[PDB]
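Because the Cβ atoms are built from the backbone with ideal geometry, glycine has one as well, and the counts that use them run over all protein chains shown. Nothing in this text is a laboratory measurement; each read-out follows from the coordinates by a stated rule.
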Amino acid sequence: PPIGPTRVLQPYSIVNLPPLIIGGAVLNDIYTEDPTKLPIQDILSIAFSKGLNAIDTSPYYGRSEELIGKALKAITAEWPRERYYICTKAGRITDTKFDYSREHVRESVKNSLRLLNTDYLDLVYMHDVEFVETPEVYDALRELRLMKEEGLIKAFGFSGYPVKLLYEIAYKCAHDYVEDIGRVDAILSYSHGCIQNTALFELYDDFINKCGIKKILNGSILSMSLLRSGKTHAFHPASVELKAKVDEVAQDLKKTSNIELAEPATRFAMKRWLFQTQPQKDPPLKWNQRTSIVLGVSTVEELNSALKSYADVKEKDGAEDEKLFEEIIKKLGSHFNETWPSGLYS
Amino acid sequence: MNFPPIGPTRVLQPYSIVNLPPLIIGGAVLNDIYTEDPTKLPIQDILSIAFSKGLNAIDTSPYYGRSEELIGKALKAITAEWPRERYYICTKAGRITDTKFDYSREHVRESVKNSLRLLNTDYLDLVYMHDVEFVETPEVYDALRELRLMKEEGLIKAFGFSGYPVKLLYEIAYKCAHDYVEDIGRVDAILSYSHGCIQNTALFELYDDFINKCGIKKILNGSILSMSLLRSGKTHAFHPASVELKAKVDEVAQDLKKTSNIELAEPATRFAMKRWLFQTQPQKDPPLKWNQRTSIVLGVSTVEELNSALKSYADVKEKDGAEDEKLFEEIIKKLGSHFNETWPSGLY
Amino acid sequence: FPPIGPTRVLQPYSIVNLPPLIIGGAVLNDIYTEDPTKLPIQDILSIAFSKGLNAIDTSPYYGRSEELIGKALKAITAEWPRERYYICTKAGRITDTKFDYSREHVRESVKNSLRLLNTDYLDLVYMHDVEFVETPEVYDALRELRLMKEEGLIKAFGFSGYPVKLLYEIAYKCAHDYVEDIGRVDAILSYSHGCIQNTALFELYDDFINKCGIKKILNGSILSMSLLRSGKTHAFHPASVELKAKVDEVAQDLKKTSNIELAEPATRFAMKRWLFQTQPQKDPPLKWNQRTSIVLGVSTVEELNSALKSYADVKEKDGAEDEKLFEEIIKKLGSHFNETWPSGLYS
Amino acid sequence: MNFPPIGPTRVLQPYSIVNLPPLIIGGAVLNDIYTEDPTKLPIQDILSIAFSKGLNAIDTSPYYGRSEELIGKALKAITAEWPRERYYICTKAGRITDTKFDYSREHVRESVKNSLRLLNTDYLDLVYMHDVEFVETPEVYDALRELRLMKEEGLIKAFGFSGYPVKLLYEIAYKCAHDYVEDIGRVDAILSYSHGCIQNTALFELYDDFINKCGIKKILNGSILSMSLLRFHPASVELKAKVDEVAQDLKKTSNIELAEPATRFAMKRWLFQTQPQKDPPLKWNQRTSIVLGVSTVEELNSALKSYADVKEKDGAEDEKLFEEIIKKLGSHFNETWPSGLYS
C-alpha cells in the first residue's frame, strides 16, 4: 500500500516530505559490492512508487551522493527531479574531521549539487552539531540561510544526538539570531524517538511552537540497530549495561513469544512520532505532516516491512500493541531514556 | 539629522519580513474619511523623512481611497534617493468599499497586479486579505491559498490577513498552520487593530499564542489611537464604538485636559508603544530592546506628527516610565467597565 | 549462510549427487522477468548455484521457463560452465489438460528442451504427471527415455506425479515385468506427500528404494502449493474445503498463540524427515541421505536464505523443541492428516 | 539332437547386464587344473554351439591360467559368424596366484588392458574384482572405485566382485550402496560360488537382501556342483567322505548319478524359485545367472537338458530326491570351509 503521493506537492513546502524517507546512507560501496542487491536505481524507483519520494544522504556517507546521483540520472524519464525530495548534509567530513567554515559549506553544498545532478536541494542539514563549538554552528547556519535565499536550497537545518543542544540552537536562531538566521526549517534528531528513548516526543511541542520549527525528522528508530535481536549492533556507543539490558529483553521476547524486538519497536516509533504528536481520534489515524522518520531501505523486503508497520499502526486497533509496549518499557525499566555521550556537549 | 535613525535605512540581507521596522507609515490617513484634498497631504514629505529615520516601510490598501495611487506617485518622485529596494511596501486586497467584499482568487490576483501598477514596482513585500471578519471563513482560506501562490512565484515576499476580532484572527491563523498546512501553511504576518491600545489590550495577551501556536512570523498593531477615538481632540469620523465608550473616552479626554494639562493621545501612544514593541519579550532595564516580531502601523498626516512619533518612541525606549505607569493606570481606571470593550464587526 | 554442499558436479558422475535442495524453475517465468523487485534470472541462478544449489528443475509445461532459464544459463557460461550444474526437465504435459506421451513426441520434446537450454545433454528427464494417461502409455514413453539415456542425450530418466501408490506400481513394474525393456527408473518426483500434512511418501521411502530399485527420490511442494502457510496463500488448490479450512484454522492458531508462521516449522519438518531421517542418524550434525532431494522455488534471495537457514537448523540444532511442535501441528490437523485429493485418471 | 535356443542369440537393446543369459560358459575349465593340456578342450566347438542355443556369454579370469588367451583365440576364430556385438564377455582382476593378489588401482587397470588384448576387443561387459575375501576390505573398496571409473570411461559396461564367503559379499555390496554411494554406488553384479547348491544354500536366503538392500542388478551363482565334489578341494576330509557315502548309495540303491539332481536343484532353486512360481513352464528370473563348467559339447547338451527338465517336468519326484539327499547329507549340509581373511 502506497503511503502517500508520488510527486512533490504544490505549493512547495518542506512540510510535505513524506512520512518515511529513504535513509540513503545504506547505498554505499558495500551495497554495490553485494551480488544479492538490486541496482540502486531500482530500489530507489520502487520506493518512490510507494510514496517514499525522498532520500536523505550526506558527504559523510561516502559514495552515497555519487551513487544516488548516478542512479537518479537514469530514472529521469519516469522520475524527473520535480517528483521527489533530496536531503543532504554538510559539516562532518570523516568520523573525526569537522569543518563548519562558511567557504566549505558553500563548496560542499556545491559539490553535492553536481553529484546529485540537480541545480537545487530541498533540504541541507549541518551535520552532527554537538562536535563543534556552538558559535561555529550559527555561522554555518548563516551560510545555509544565504544559500536558501539564493534558491540553491529550499530549506535548511541541522542534526545531532543530544536533544537539548538541538533545542538551544534552534531556540536562539528564532530569537537572538532572528535577523541573521531566523527559525530553521527542520531539525534531524536520532535515537531519541524510540522505545528505549522518548526524549524527542516530550520536546516536540517545544520544538514546533517555541523554536518555530516547521518540520522535525526522527532518525535511528532502532537506535543504530540496537533494538533488534541477535546483536545486530557491533560497536554501538551505548554502555555495556544498556546493550545488555536490550539484549536481555530481545531474547526474552524471542524465547517466550517468538517476537522479534524490531517490529514492536518500529511500530512504537512510527505510532508515537508520525501520528500521536497530534490529537488522534480512532484508526485510521491522521499523519502529522510536521513529522517524518528516516529509515534505511536496502531491499524490497525491508521496504514492504516498513510499509506494513506504517499501515498496521495507521489502520489497526493496536490495543494489543499498547500492552506489548508497556511491558518492553517496563522490562527495560532502569535504562529507559538512558543516553550516551556524543561530542563536546556533556 | 534632528533625531538619529531608529534602525537601518535599508532592507537587511538576508531578506526577512520580520525586519519590517518597529514603526510603519500608515496609508489610511489619505482616505476619503480623515481629510479632503488628500492630494495636499504632505505624504511625499513624511515619506522622505520617515525613510531617512529608519521607518522605511509603508502600508496601504485599495480600500483607503486614493492612497495607493498617491503613494505610488510620491514613491516614484523620490526614486534616485530612495530606490525601491531600500524600503518595504505592504498593501491589502479583498475589500472594495464597506459592504462589497471580493475574495475570489481571480479578484485577488487582479487586485495585487493593480497594486503593483499604482506603486511602480514588480513585487510587494507583504499583502493581506483585508478585514477577514466580513467574509465567510471558507472564502478567507481560499483567498490565502492564492496569496500563497503569489508568494511562491515571487510576486509577493510574504502574505497574511487583517481584521478587528482577534479571536477570529487566531482561529484562522491556527487553521492555516494545522488543518491547511499543505496548501497554505503558517501565515507570515497579521494586522490587528484597536486591540493594542489603552482602551483595549486584548491583543497583548494573545501575543504568545499567535507567535508560538500559530507560527506567525510578525504581528502588526494598528490604530493605537483607535481610529482617533483615543484623541483628546474631540468626536471622530465613522467610528463604530458605542455612544457610551465614545462618551466615556472623551470624558477622560476632557478630564485629562483639566487636571494635569495633558492630552490623552500622548500617554496612549506611549502605552501602546511600550506594551507591544518591547514588553512582548523580557526586558532587563533601559535601554529597552525592540521585539523585532512586532510593528505598529502609525496614522501620521503631517511631518509634525511623524517627528512626534519618533519622540514618544525614544522616550519609551530610554526613559524610566515608572511615572508613566501611574498615569496609565489612572486612565484605565477611569475607563473601567469600558476597558477592553469591543464593538461588532463584520459577520463574526 | 554458507553452501549446503559442493559447487561442482562430482566425479565419477551419479544422479544421486543432485544437491539436497534443487531450484524449482517453474516460478522463473514471465511474471518473474517483468517484476521490478525481482533480480535477473541469471543472477538468482548464479547466487543459488554458489550456495550449493547447483541444480535446476523445469518443464515445457512451465511456460517460458525453459526458454528463460536457457538464456540465463548461456549468460553465466564463463563463471558457471554447463558441467558445473544439473539440469532436470520433463515431458508429456503440454497444457493443463493436453497430454501427449507418444514416443515420437517424447523425443521431439526432449530435443526441444536441449535446444532451449543451450546444452547437448540433460541430467534428468521425467515423464510429467503420469496419473493423467493410461498406464500402458507411461511405459511406452519410458522406453523412449531409456533409449535417449542409451544414446547419451540424457544421464537419467524417470517420472513424476501425485498418487504415490501409482508411482510405486509403475516403478515396480519397470524393475520387474519390463526389466529387459525399461529396468529400474533412476528417479521419481513425488509432491504433496512429503510434508507435515501428508507423510505417505516418507512411509514408502524404503519400498521405492529397495523394492523398486530407484536410486534417487525427489520431494516437491513441501508446503503443498503454499497451503502450509498462514497467508491463505494457495492459488486454486485442489484440496477439499474441510482440509483447506482445517489447515488455515491451524495456521491462525499458531499465529495468534505463539506468533509462529506455519511454513517455518512445516519446511523444517519436511527437510528433517526427508533429507536426513530417511537413514539412521546420531546427534547433530545430521548426515544428508544422498538418495533424497527437495525441489523448492527460490525466486528471491530472501527465499533462498530462508531455505538455507531452515536447512542449517534441522542439520545442526537440537530440534527437541521442534519435535514437540511438529507433534502439536499434526494432532491439531486431526483426521485431515494424510488426506489426499483426486488427480488425473487414477483411483 | 537339437532343442531350441534357451534365449536370445544377440545382445538385447537397450543394453543391460541383467540380460546376461541364464547359463554362462565358465572358462575356469581351461585352467591348469581341470584337465591337463588346455589346448585339448574344444573351446571353439563349445562356444559355437553355446552361442547358437542362446548361451551368448563367457566368464574367465587371468587367474584361470590360459583361459583368457585361448578364449580370445577361439573368439577371433568365429568373428565371422559371431562378431563381438552378439555375445557377452565377463572377466576378473586382482588375483594373480593362489597367494598373490594385487588390488592396487594401477594393476587393476593393467589387468583389464591385458584382458582386452587377449580377448581381442575394445570393451568388456563385466569385470569382477576376484575373490575379495583374501584382501583387506579397504583395498577392495579402492579397487571398485577404479572399476567404477573404467565403467564411466566405457572400457567396461558393468562392474562387481566375487568370492566365497557370502556374508562378506553382502557386507561389501551393502557398503557400496550406502557409505560409499558417492564414488562407488551400487555394484552391477556379484558372483558367488558353492553356496547355491544341494550341499549349501546360503546364497538362496540372501537373494532378496542382495537385490533389495544392496540394489545389485544381477547375481551369478558359480560352481553348482561345488568344484566337482558332488559327482585341491578346500572341503574338510569329513565333508568329501560324507558326499561319497551319499553318492555311493545313489549310484547303487537307485543307480542315479548325484551330479544330475544336484545340477537340477541348483538350477531350479536359483534361476526359477528366486521369484514366486507356479505351474510349469517356469519363468527365469533375469536377475540371476549360473556360470557353468562345461568341458565337452556333450556336457553342454546335458546341462541344457537339465535346464529344460527343471523348466517343465513336474519335479514332485525331483523334490523328493532333493530333500532325501539333504537328509542323507546330514550335519554337513550348509557346511563351509575357510577362505582367505574372512572370519
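Relative contact order of the range C:1-337: 17 percent, from C-alpha pairs under 8 Å at least 6 residues apart in sequence.
Normalised by the number of residues in the range C:35-132, the mean separation of alpha-carbon contacts (under 8 Å, six or more apart) gives a relative contact order of 30 percent. Amide H contacts for residue D:57 (H built 1.01 Å from N in the peptide plane; partners 5 or more residues away or on another chain; cut-off under 5 Å): D:25, D:88.
Nothing charged except the Cβ atoms of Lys and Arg (+1) and of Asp and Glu (-1): what's the magnitude of the dipole of the range A:201-328 about its Cα centre? Round to the nearest 20 debye.
Values: 19 positive and 20 negative charges, 104 e Å.
So the dipole magnitude of the range A:201-328 works out to roughly 500 debye.
Dimensions of the range D:1-333 based on its C-alpha atoms, expressed as ranges along the principal axes with the largest first, amount to 56, 45, 41 Å. Taken one residue at a time, the phi angles of the range D:87-97 give Karplus couplings (6.51, -1.76, 1.60, θ = phi - 60°) of 9, 10, 10, 10, 7, 9, 7, x, 9, 9, 10 Hz. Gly and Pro are set to x. If you average the alpha carbon positions of the range B:11-57 and of the range D:206-283, how far apart do those two centres end up, in angstrom? With the range B:11-57 and the range D:206-283 each reduced to a Cα centre, they are spaced 134 Å. When the convex hull of its Cα atoms is viewed from all sides, the protein assembly as shown shows a mean projected area of 68.9 nm². Extent of the range C:34-114 along its three principal axes (Cα atoms, max minus min coordinate, largest first): 38, 31, 19 Å. Stretching residue A:205 away from residue A:133 to a fully extended chain increases their span by 23.3 nm, per 0.36 nm per residue minus the current alpha-carbon distance. Computed 3J(HN,Hα) for the range D:197-202, one whole-Hz value per residue from the Karplus formula 6.51 cos²θ - 1.76 cosθ + 1.60 where θ = phi - 60°, is 7, 4, 9, 8, 10, 3, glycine and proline marked x.
Going from the residue with the fewest nearby Cβ atoms within 10 Å to the one with the most, C:23, A:293, A:213 rank A:293, A:213, C:23. Considering only beta bridges that DSSP places wholly inside the range D:1-333, some 5 percent are antiparallel. Here the range A:8-52 is scanned for amide nitrogen atoms under 13 Å from the site 7 Å beyond the Cα of residue A:304 along Cα-to-Cβ, giving none. Spin-label model, residue C:13 to residue C:104: label points 7 Å out along the Cα-to-beta-carbon direction sit 3.0 nm apart. Exposure proxy for A:146, B:12: other Cβ atoms within 10 Å of each Cβ, ordered fewest to most, give B:12, A:146.
Simple point charges give the picture: +1 on the Cβ of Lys and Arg, -1 on the Cβ of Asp and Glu, and for the range C:1-337 a dipole about the Cα centre of about 560 debye. Just how many % of Cα pairs in the range D:228-317 lie over 22 Å apart, if you round to the nearest whole percent? Value for the range D:228-317: 39 percent of Cα pairs lie more than 22 Å apart.
Projecting the Cα atoms of C:289, A:55, D:89 onto the dipole axis of the protein assembly as shown, where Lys and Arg carry +1 and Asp and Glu carry -1 at the beta carbon, places A:55 farthest toward the positive end.
What's the FRET efficiency of residue B:122 with residue B:259 using the Cβ-Cβ distance as r and R₀ = 56 Å, to the nearest 0.05? Provide the component values of the computation, followed by the final result.
Values: r = 54 Å, r/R0 = 0.97.
With a Förster radius of 56 Å, E is 0.55.
Compute the FRET efficiency between residue C:244 and residue A:248 as 1/(1 + (r/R0)^6), taking r as their Cβ-Cβ distance and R0 = 45 Å, and round to the nearest 0.05. Between residue C:244 and residue A:248 the formula returns 0.60. Extending 7 Å from the Cα toward the beta-carbon at both residue A:342 and residue A:149 defines two label points whose distance is 3.0 nm. Its alpha carbons give the range B:1-148 an Rg and a Dmax of 15.7, 50 Å. Give me the distance between the Cα centres of the range B:99-165 and the range D:108-186, rounded to whole Å. Rounded to whole Å, the Cα centres lie 102 Å apart.
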